[PDB]
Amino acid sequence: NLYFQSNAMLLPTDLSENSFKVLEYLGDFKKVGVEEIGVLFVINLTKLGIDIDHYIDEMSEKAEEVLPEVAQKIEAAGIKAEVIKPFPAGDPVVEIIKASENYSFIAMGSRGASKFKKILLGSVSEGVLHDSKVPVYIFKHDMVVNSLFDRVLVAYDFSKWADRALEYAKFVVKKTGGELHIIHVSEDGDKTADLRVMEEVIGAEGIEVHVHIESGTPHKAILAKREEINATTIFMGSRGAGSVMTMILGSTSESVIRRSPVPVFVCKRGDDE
């Protein structure tokens, strides 16, 4: 495959500070092949007591003041920028997913809300993560700019989603010369032997790889590992099962993504999907 190679990247924004964190990593994305970024602002009608055409207009004017700054910063990094127009009005989650059919992946922010606040107030990032078919990359902080793919940690369970997460990971580590780290969590249903074998095969493929077997709650073991080896990003897979509600309440990805100090890339389909 081409992975990030010649990628168009979808960048949703509600103009919030958290939505712009992605922009601190433009150098990292350029170095893996991202060549164009589509910037998507949605007039959020979902929330709606007040007239809903002055609102489209209020919102449109705000975007037009700010988005050119976004476009500017992208151009300055030597990446093509397109402010998507006209601005869709409706549900941000639906409009983002709709638009994403035209892109290789989605890079977006999150306010890092607790499970409770996500449920109470809504979470665009969880909605997107739940239904997206392209990968979704969540950025909250700038702790690892210029180092994004130096130490990639892959949460890996042999599933088709993890498999493709591993392949993206191998791609970036090959591009940037970093280190690949693979963690698999499980009490048993022992797959240690196979994982060890893969460490060896991947080493032979010219990549520096370290495999980690761990016990306990998945999100706990994953974050603990990230700290232990100072991973610069976490790659993982998600089948997006159940409902948004169910994902928020009990998914491994919601917890990992929420408490992670580094960006989390989430693969949303297998190679043969």
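From 1 onward, residues are counted along the sequence shown.
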property: Deposited-sequence gap flanked by residue 224 and residue 225; result: none
property: Mean C-alpha B-factor comparison - 178-186 and 116-124, higher one; result: 178-186
property: Mean C-alpha temperature factor, higher of 28-36 and 230-238; result: 28-36
property: Lowest, middle or highest third - CA B-factor, residue 131; result: middle
property: Among modelled residues of the same chain, the CA temperature factor third for residue 163; result: lowest
property: Assigned third (lowest, middle, highest) for the C-alpha B factor of residue 89; result: highest
property: Record-listed C-alpha B factor of residue 46: chain third; result: highest
property: Third assignment of residue 104 from its chain's C-alpha B-factors; result: middle
